């Protein structure tokens, strides 16, 4: 059925509501999606009651306990093809004397315009509160925030921080309360806010290869798309066994594209397809890694091609 694993774990607070959509791509996002717990068995119940149930193609952890931490699998069985995806998900309770646990605190890789710009991440599927996103209550270092519009302001899923003669360093929490079946549970995120801004401390960000493993067979051939989001002067290039793809390599080929962003120059995308005429037993030994430089940093991500199981 061809497996694909997402090596990155998505840590989230326990005793809350949580969703987990299928990290899918273009040519694969087709009919039929199915979820399971560690290993293959009977799929997570669609029974709308039950704590852990699937609904609208997503995996819903209603009270999301700690004993739910692990690997979940997502399957796409169209008719001719099927795709199983391993994801890894951790649920953590807050450290003693804190309204949060360090493991679940996010950090933005690419900033937005303004002295603030905090965006409560992962609320998209909760926007389902009758089409509009529920009123977000905000915090800083665990203490409540008054959205009076002179110190801070609340708009949709964002939190604008006003330019006061203040230290903004802190661990901000966004809080919503979803109502499901005549009872509501909390939803929280924590984003760490810094000082790096104004000039251009923005290094390129590789969105495509997301530290994952793909299962392919020796005979066949593939194509690996590296997608970056940065300025048109940044650079996206693939490497293997600690070396850039040879400009005259027989099996491997590297094409560099660029998609300009009219809306925002600073945030355009760069594609670098690494073609592979034929998979070889030497490629199963190391991971393929995309790279992106800009003199303000370097970002790197990978995809590990592994031999199909017994």
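Numbering follows the first chain given and starts at 1.
Modelled in this chain, residue 220 is likewise resolved in all the other entries of the protein that span it on both sides, not missing from even a third of them. Across the other entries compared, at least a third leave residue 79 without coordinates even though the residues on each side are present. The PDB entry reports B-factors from which the mean C-alpha value can be compared for 263-271 and 43-51; the larger average falls on 263-271. 219-227 and 139-147 differ in mean CA B-factor, and the higher of the two is recorded for 219-227. When the C-alpha B factors of 59, 245, 62, 251 are read from the deposited coordinates, the top value falls at 62. Between the residues 175, 158, 200, 71, the entry's highest C-alpha temperature factor is the one at 200.
In this PDB entry, the Cα temperature factor of residue 67 sits in the middle third of its chain's modelled residues. In this PDB entry, residue 183 carries a Cα temperature factor that places it within the highest third of its chain's modelled residues. Among the modelled residues of its chain, residue 111 has a C-alpha B-factor that falls in the highest third, as given in the PDB entry. Residue-level temperature factors show residue 77 in the highest third of its chain, judged at the C-alpha atom. Sort the modelled residues of the chain by CA B factor and residue 258 lands in the lowest third.
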